[PDB]
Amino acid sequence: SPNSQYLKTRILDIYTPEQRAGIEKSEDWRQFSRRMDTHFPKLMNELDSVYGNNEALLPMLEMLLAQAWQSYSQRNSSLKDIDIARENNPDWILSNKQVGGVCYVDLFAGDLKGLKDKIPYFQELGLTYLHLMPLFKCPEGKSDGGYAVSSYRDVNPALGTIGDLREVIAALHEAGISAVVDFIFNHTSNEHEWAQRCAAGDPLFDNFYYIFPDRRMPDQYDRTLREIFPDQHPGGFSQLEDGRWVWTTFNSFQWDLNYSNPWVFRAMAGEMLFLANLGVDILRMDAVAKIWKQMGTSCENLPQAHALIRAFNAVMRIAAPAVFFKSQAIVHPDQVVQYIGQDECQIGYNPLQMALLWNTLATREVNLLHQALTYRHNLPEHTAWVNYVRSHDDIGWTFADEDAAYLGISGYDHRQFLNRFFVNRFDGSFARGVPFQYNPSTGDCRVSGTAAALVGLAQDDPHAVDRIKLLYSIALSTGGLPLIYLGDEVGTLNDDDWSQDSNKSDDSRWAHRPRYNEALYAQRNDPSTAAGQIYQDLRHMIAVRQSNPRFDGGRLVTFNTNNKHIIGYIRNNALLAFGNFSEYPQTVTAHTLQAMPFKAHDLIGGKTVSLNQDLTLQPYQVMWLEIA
């Protein structure tokens, strides 16, 4: 039954009495020792519930915490300053000053050096937070856009070196920007040293993955598994050349790590420590839902999965307190929120709000959006949503069917409409998206396409610009950390030649992953062009959000607009937000506006607005009203 003091002397064992004296009197040790006393009990409790009486548990922990000391000992002192800051301010994530951006290093800026050169622009745009897409060594050719990781410790050589990454992170900190990076902890590539060695039968790598002699067990699992990339293969398994089968939730070249082995936790915790010491502020925990497998279940959102993530959290509290987790879970809304906790992932993607933003543009009806913002927005203390419009991924229509039923909506019919609308198979749709993973056996389908393509900008729809403005306004103002897909701010369209690369032709997500459009960025300071209007709008909303404390925190209360086309919510009893999702003008009545002040300044238009009479919003207009 190992404890804090026990492991601390196991750690201090390697030192001679001469250095032990200097170590024990040092601040580094004093801090580590305090943090062990505070957080180790949590680590022990979480791992005990997963690994029980496992023989490997004790020695795994002796090794892991020695590594943790050695990692913290080596940790840059600038980062140790950030550790203390974030320990003492858990709510930094909840500040209205936080605005995020995300890009592919190669597609946006060429390489890590070019990314560093682009930092003055992130400053111009107002970012405090930057997510760099998977930047690690991966298979040449097909790699799932870097999501098949061949090494967590090596940069993708097209991008530069680990030293460049260190340099870039340092420059981002100097510029007041947090560095955000993926921790792809559910699976590695099949080319990872661990995968190669486990498959070869190296006993040190026994049970690093899920490997089977035939179809017997994969057949048992497949009957309860959801299909993630049905285009690629059925179920959750792929066959090796020697005849065996390996768990592959995603592509065949992505092998699911086996977390029922305590050594796998150890291995991945060591890689996590390495990334922490790069100065990474937030790790996007990729596919959090899948890290525990259980026969007879969906192998999604299992209690042990939560417990393991909570264990990973404890390790950071002990050895790099500055590092927070970002949950990536595209599941039922009831399951999305369960990853979000101070002792789990402090922030999480908000795919419900995102999906419903696009839903509401299509139907023009705020019913589902209003419902979601009313019952599913508010979070526990010291946690926040990451609010977004578009990402590197396809759009899944992951609203709750039970929730929809109350508004007289049937799941499939609605999703079929949504899928047809956004892929331009519907009468007069403005959207120019392409299908992704149409599953003929179930009817499920997702949508690829850039924000600009989905709103009608490719064919110069006169409402397109306002649509982008409107969607982003909600992400920026509901409460939580808003994330811009970089390129959106100048209206970057689809790369229509995406499938000409034979390594990209089987994954339509590439359509919404275009290179930096030089011409559009050159027009960002010219308000005449679409790029300039979008840039001016988004830049204006960012500036308002970051300097106005009415936007602070993550809580909201919805406001009943009594118009099916207009969304209403209130921030801090002081900011009233109206968003019209109709291409026609829409009215909030005097009667409905009774409780409000007679006049209010609109932060979007810059006008004073009257609320003692009918308020009429132009097509797609957003108002940000100071009511207190």
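Numbers for residues come from their place in the sequence shown, where the first is 1.
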Next item on the list: For the higher mean C-alpha B factor in the entry, choose 150-158 or 330-338.
Entry: 150-158
Check: Got a sec? Mean C-alpha B-factor, which is higher, 88-96 or 405-413?
Finding: 405-413
Check: Reading the B-factor column of the entry, which of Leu204, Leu356, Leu470, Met541 has the highest value at its C-alpha atom?
Finding: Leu204
Notebook entry, point to check: Per the coordinate record, which of the options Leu112, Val102, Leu127, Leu275 holds the highest CA temperature factor?
Noted result: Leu112
Note to self: Please say which third, lowest, middle or highest, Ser429 falls into when its CA temperature factor is compared across its chain.
What the structure shows: highest
Check: Once the chain's modelled residues are ordered by C-alpha B factor and cut into thirds, is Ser499 in the lowest, middle or highest one?
Finding: highest
Checklist line | Within-chain third of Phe421 by Cα B-factor, per the entry | finding: highest
Notebook entry, point to check: Looking at the C-alpha B-factor of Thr492, is it in the lowest, middle or highest third of its chain?
Noted result: middle
Margin query: Using only modelled residues of the chain, where does the Cα B factor of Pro514 rank: lowest third, middle third or highest third?
Written below: middle
